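Student: Before I ask anything, here is the structure I am working with.
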Amino acid sequence: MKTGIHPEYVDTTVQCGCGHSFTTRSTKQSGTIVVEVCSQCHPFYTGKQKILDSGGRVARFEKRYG
Amino acid sequence: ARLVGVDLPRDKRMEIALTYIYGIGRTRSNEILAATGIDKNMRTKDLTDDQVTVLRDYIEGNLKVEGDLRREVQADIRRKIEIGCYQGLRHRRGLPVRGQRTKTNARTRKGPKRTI
Amino acid sequence: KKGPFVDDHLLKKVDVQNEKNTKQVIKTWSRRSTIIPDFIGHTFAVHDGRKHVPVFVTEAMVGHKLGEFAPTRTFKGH
Amino acid sequence: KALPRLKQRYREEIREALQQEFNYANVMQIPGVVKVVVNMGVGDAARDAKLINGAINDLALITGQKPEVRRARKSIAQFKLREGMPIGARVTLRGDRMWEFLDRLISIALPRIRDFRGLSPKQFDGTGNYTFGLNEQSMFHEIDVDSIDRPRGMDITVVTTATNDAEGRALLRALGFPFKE
RNA sequence: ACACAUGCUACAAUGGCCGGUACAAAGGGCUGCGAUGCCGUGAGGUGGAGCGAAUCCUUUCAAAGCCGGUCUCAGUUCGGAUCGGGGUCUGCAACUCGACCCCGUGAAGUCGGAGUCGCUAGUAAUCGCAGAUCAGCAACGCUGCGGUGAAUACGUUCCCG
């Protein structure tokens, strides 16, 4: 590592809304990150919703209901 | 502030700050801000991250947004352009779909002008 | 949003077609309804006035009225 | 902290389970991340002189390294190039910088991108290296979202000791990196 | 793919949006106009008071106006085209081709080159209202009704008849 050219590299404490907390080295001067994302990926859920999204024959039978 | 995926501005009221997302206009802002409880007069600088939490969970839970709406529609337009409809033909040729005037106006579908 | 149309002549013909499990090209006058999903699979010779165009009906056709899987106007420009 | 967190779990769990999955029969044979290099874009060289210092600054404070400015091998005429113009810098990460960058992006950068469905498993080379595209930026909470006028994108490469490709799929699957069949 | 012509909505603060509130004129109505009430977010649905109408219905009728709050000059709380989903009504039937409502979507457009048009007082300008045709409507059209309401005319040299 060279001395003076690299930015300061500090410990941090990352917190999400649910409180699931992370401790890392980082570049932030604040020493913390107040984030809205945790290790709760929505791809698993988003993908399911997207898969669920198609199919309209049923919807038509919906309007017509007999 | 940050929300569902739209970067909120510096100084806007909440019933306008919610509007900058693809799924929300003015009326959805007047119904979302009535259901959740955030004052519509609140600026974006004065917004709370817990208000981002409750508001965010509400409007991803009970309403659809950017990716759903867009690759969402854009699956319905390509749906009617695959099956061979007449509105499919209008989306093919680049013409107005509602069967409206094509002789003089409907320049917003043909676009920029070439003159012969 | 209540009782949708139905094309009663095509309705009588369609039922006969699917009871016997027979599929036949149909010269059809009707431009007005693809009413039930009972019409799925039947080939419709749609009549734009001048000739009959064969149209296969699949699951996505439900909710599009029958005539404009065949267009009535012709345009090229040059 | 004796071990970075990703490496805290890597030094026991992913290695023991990856031996479970593949019977190399030899310790030591057992893939791990070598470097994480972060190529940088631009292509505005010749067209605009000022931005590349925007990219030097950009690579830095996403991770804390001074990106080394990498320039043109040759002047190729159509896309205005000139031998020796700066066209994007890159930063090579290895060790504590590699792992702290990885865990942070993993638990921070990947979830935020709008409509972030996943990452393709297909994007390997012949030998187990994974590269994917960050089109805009501001996936990172290190960059303040009003400091940032135009979006500077970047490639991020993970380079492993994976002699195959499903070796690297298996590592980067067990390591907390997303994918989507 | 185009080019012309008459209109309408605009490009914002003399403005937009929310709340409160005051004032018209004329008209229209039988297999028509249809109230209170109830169901809807809203087009509307259910129901039929009462009227062939200075009586009943079109609500006691308006909108611009006034009082108040918010927005702070920005491609925006300007602008509504377009497009997606979801509906209602009319009709045997809304695909080619109806209007209206709801949710989203949110483009051009920063007062407009040469040229050119209208208007001399309740006029111009702007604001709603009704009617005929009509089951429904392409009505921003046409014919009318009223509301608020200016500037300028030195004068025949010049253009037009």
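Residues are referred to by chain and number: the chain letter is A, B, ... according to the order shown in the structure tokens, the number counts from 1 in that chain, and ligands are numbered separately from 1 in the order shown.
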I'd like the contact shell of range 115-122 of chain D - 7 Å cut-off, only C-alpha atoms (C1' of nucleotides), skipping same-chain residues fewer than 2 positions apart - returned as a ChimeraX atom specification.
Tutor: /A:43 /B:67 /D:111,113,124,169,178-180
Student: Pull N, CA and C atoms from the residues just selected and write them as a compact mmCIF listing (two decimals), in the first residue's frame.
Tutor:
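Everything below was put into result.txt:
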```
# COMPACT_ATOMS: atom_id res chain seq x y z
N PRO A 43 -35.60 -11.02 -4.93
CA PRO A 43 -35.72 -11.64 -6.26
C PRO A 43 -36.56 -12.91 -6.19
N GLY B 67 -40.57 -1.86 -12.45
CA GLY B 67 -40.29 -3.03 -13.26
C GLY B 67 -41.53 -3.80 -13.63
N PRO D 111 -28.66 -5.57 -3.94
CA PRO D 111 -30.12 -5.46 -3.78
C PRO D 111 -30.80 -4.21 -4.34
N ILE D 113 -30.34 -1.95 -7.02
CA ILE D 113 -30.64 -1.65 -8.40
C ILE D 113 -32.10 -1.96 -8.63
N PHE D 124 -19.63 -16.78 -17.63
CA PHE D 124 -18.30 -17.20 -17.24
C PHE D 124 -17.44 -17.24 -18.49
N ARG D 169 -19.49 -21.57 -10.63
CA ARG D 169 -20.90 -21.47 -10.27
C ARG D 169 -21.15 -21.97 -8.86
N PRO D 178 -25.64 -13.60 -6.09
CA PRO D 178 -26.94 -14.02 -6.61
C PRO D 178 -26.85 -14.61 -8.00
N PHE D 179 -27.90 -15.34 -8.37
CA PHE D 179 -28.06 -15.96 -9.67
C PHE D 179 -29.55 -16.21 -9.85
N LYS D 180 -29.97 -16.59 -11.05
CA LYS D 180 -31.38 -16.84 -11.30
C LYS D 180 -31.60 -17.77 -12.47
```
Student: At most 9 Å is the cut-off: for each residue in chain A with any atom that close to an atom of chain B, write down the nearest atom pair and the distance in Å rounded to one decimal, counting only C-alpha atoms, chain first then increasing number, as CSV.
Tutor:
```
residue,atom,partner,partner_atom,distance
A:17,CA,B:53,CA,7.0
A:34,CA,B:49,CA,8.8
A:35,CA,B:49,CA,8.9
A:36,CA,B:53,CA,7.6
A:50,CA,B:68,CA,7.7
A:53,CA,B:72,CA,8.9
```
Student: Save the residues we just selected, C-alpha atoms, as a PDB file, in the first residue's frame?
Tutor:
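Generated output (out_22.pdb):
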```pdb
ATOM      1  CA  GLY A  17     -34.696  -1.071   8.944  1.00  0.00           C
ATOM      2  CA  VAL A  34     -28.129   3.712   7.541  1.00  0.00           C
ATOM      3  CA  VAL A  35     -29.442   1.494   4.753  1.00  0.00           C
ATOM      4  CA  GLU A  36     -32.895   0.235   3.780  1.00  0.00           C
ATOM      5  CA  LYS A  50     -43.825 -12.194 -12.020  1.00  0.00           C
ATOM      6  CA  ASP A  53     -48.545 -12.413 -13.345  1.00  0.00           C
TER       7      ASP A  53
END
```
Student: Could you build a table of the residues in chain B lying no more than 8 Å from chain C, giving for each the nearest pair of atoms and their separation in Å rounded to one decimal place, using only C-alpha atoms, ordered by chain and ascending residue number, as JSON lines?
Tutor:
```
{"residue": "B:83", "atom": "CA", "partner": "C:60", "partner_atom": "CA", "distance": 7.4}
{"residue": "B:84", "atom": "CA", "partner": "C:69", "partner_atom": "CA", "distance": 6.0}
{"residue": "B:85", "atom": "CA", "partner": "C:69", "partner_atom": "CA", "distance": 5.0}
{"residue": "B:86", "atom": "CA", "partner": "C:68", "partner_atom": "CA", "distance": 5.4}
```
Student: Could you please tell me, as an NGL selection string, which residues of chain A have an atom within 8 Å of chain C when using only C-alpha atoms?
Tutor: :A and (56-57 or 60 or 63-64)
Student: Of the candidates A:32, A:62, A:26, A:54, which one gets nearest to residue 102 in chain D if we count only C-alpha atoms?
Tutor: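 The answer is A:26, which sits nearest to residue 102 in chain D.
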Student: For a quick check of understanding, using only C-alpha atoms, which of B:10, B:31, B:48, B:80 has the smallest distance to chain D?
Tutor: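 Ranking B:10, B:31, B:48, B:80 by distance to chain D, first place goes to B:10.
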Student: I need the residues of range 29-139 of chain D that end up classed as helix (DSSP H, G or I) by DSSP on the backbone, written out as a list in words.
Tutor: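 Answer for range 29-139 of chain D restricted to helix (DSSP H, G or I) is residues 51, 52, 53, 54, 55, 56, 57, 58, 59, 96, 97, 98, 99, 100, 101, 102, 103, 104, 105, 106, 107, 108, 109, 110, 111 and 112 of chain D.
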Student: From the set E:26, E:11, E:142, E:74, which residue has the shortest atom-to-atom contact distance to chain B, counting only C-alpha atoms (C1' of nucleotides)?
Tutor: E:74
Student: Which residues are near residue 31 in chain A? Cut-off 7 Å, only C-alpha atoms (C1' of nucleotides), ignore same chain within fewer than 5 positions. Put them as a list in words.
Tutor: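 That gives residues 10, 11, 12 and 13 of chain A.
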Student: Counting only C-alpha atoms, a student should be able to say which residues of chain A come within 7 Å of chain D; what is the right answer, written as a count of residues only?
Tutor: 13
Student: Using only C-alpha atoms (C1' of nucleotides) and a distance of at most 9 Å, pull out the residues of chain E that contact chain B, as a PyMOL selection string.
Tutor: chain E and resi 1-3+70+77+81-85+95-97+103-105+107-108
Student: If I take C1' of residue 127 in chain E and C1' of residue 64 in chain E, how far is one from the other in Å, to one decimal?
Tutor: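 These two atoms are separated by 4.5 Å.
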